[PDB]
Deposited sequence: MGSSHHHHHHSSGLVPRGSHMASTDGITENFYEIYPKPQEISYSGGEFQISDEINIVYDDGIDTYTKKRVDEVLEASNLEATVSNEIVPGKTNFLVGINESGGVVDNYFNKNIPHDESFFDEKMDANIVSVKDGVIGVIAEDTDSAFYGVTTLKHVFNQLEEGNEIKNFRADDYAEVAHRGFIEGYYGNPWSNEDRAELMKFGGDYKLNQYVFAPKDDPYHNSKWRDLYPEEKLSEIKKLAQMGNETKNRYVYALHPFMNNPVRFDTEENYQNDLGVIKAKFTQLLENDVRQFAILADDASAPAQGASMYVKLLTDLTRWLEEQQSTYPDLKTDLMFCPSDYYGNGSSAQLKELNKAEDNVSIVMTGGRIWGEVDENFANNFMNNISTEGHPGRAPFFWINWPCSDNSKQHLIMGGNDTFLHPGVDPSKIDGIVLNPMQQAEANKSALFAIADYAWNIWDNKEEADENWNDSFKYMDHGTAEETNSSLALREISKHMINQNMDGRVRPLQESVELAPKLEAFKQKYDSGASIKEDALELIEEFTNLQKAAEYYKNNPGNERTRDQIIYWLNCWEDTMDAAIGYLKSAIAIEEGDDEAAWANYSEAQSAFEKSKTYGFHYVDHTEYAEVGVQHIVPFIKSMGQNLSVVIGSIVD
């Protein structure tokens, strides 16, 4: 059995297997975009396979078929004839795709080219687990997403991700079927304090590169505009309004011309228009009409519109939310789970749907903005877990419109959490066990992007077990770290425990699967050595009970010396805040 993330909705292996031939025949249907074809080329190339595109199934070699349901193409036809399914499948499930591997034929059929890309991405992961010279097991996956909108947002308080960081995060998410990177960096004025202003050319070309990466990975770049805080859209006259709408179209047109294909509207921390929240709906509908018109020129453009209201922390009862709920179905209402540090929670979600509803307007499910693994209230820490705290196992997916994570300023460190959201949002975790398994596997993928366990992934997981707690008050549920060590803490066994951690941090520092990652978390890896020295000494503790005590004191102090820039000051890395650091102090005296 292959390890596949996110977990396929359904997968069965009828026995049997086959060797994939050195030369591959590829068939495509009309509608398969260049990005899907490119991914296919990349997948075969990396397996050292040679491929030719044709318009027919070629007997006596492995066939690779990627197609669209109801396209009337060869692939569409083959699946009808050979791979039994119900047509209603593609209507009733989102991002619906079937992956079929049987006796020489490798096929994907999807409702659209995006979901075709998802199916091919499943095969990418399968091709990284091939045995005995490209031997692949017969299987069928009938797959679909339970949450339509899945990804992450640069919306924290901290240093922006670098342009390279952003590309890297979209690449990562692009391997796990995420479909949104929401661009909202606070240091870009063009999205807020200069929202009316067009980008100059050199900045525009950087956006272009982000949008492009977004399209190539399907981890689509979403440009978020806030036109309500600073010289806002005017609703005092029709004249003013039409002018202002026109400024938005001008902003969006420039971005459309530079490969941007999805938008979002922010409205937090600002007054509503004169007359209140009903005017948002007016604006969103008009924008939607425009976007629809833009699809003639730009067919891949999404009309889905996320709207961040000024009471995202609310329960859905407010008058503003009720008004917004009267918007059309392409509008999503962003909430943080009933308080700032809220969670993907069935109770919250169901109440929100009851509370926001009005006569003639049933309450839509909330679109969650989750402040996890967000560390802007925990700046010294990495938050390397918390899966099931923030992404509750068992939540009825009809109560979730979307999920995007608000992560850490250190771009690379967020990969474990991206891997959580990707799996969960695609296939709701059944239970805590599934959440924990995801967490466990995440480090393999974070470290080197495959199901293979390496020493580096082992070591990264090991230190991460102790870097989870946020050391915050009760505004957020506390995340539990050092779960196995903490009982033991409540001596020579303990030296084993601590030297084991010291070696894992050292090993990871010296031999990371990903050098970008290691460089970004170097502060914590160095902090670990000193932290482990501090504790180790004390545990050793007549001449030697002084010495191993006094070594420790010095190490602990050195452990607080590893600083990185945080916006306008320096922060110092800290590891094992929950149990390890207190224990060093408890032993201290």
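In this chain, the deposited residues that lack C-alpha positions fall in the ranges 1-30, 521-535, 587-594, 643-653.
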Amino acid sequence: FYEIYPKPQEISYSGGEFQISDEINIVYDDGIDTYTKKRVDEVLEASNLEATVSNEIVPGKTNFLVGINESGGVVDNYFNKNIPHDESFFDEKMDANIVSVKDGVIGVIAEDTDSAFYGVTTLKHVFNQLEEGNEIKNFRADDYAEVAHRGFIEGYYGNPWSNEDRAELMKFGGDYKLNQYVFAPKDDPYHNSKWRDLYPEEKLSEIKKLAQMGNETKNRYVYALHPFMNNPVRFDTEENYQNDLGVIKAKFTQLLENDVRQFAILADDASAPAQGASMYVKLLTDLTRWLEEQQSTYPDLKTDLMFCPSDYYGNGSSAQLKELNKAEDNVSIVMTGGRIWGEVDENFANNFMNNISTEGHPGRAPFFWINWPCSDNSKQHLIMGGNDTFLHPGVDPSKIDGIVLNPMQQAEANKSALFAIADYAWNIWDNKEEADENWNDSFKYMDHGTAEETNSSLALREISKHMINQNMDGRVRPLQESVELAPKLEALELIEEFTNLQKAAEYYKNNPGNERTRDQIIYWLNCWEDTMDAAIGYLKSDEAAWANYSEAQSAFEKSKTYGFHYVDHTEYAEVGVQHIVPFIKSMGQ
From here on, numbers count along this sequence of modelled residues.
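Relative to its counterpart among 6-14 and 565-573, 6-14 has the higher mean temperature factor, C-alpha atoms as listed in the PDB entry. Looking at mean Cα B-factors across 417-425 and 82-90, the upper value is held by 82-90. If you compare the C-alpha temperature factors of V483, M335, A451, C374 in the entry, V483 comes out highest. The residue among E515, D329, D268, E146 whose C-alpha atom has the highest B-factor in the PDB entry is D329. Sorting the modelled residues of the chain by their CA temperature factor places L210 in the lowest third. Among all modelled residues in this chain, the alpha-carbon of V27 has a temperature factor (C-alpha) in the highest third.
The entry lists a Cα temperature factor for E506 that places it in the middle third of the chain's modelled residues. Ranked by Cα temperature factor within the chain, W524 sits in the lowest third according to the deposited record.
Compared with the other modelled residues of the chain, the Cα B-factor recorded for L489 ranks in the highest third.
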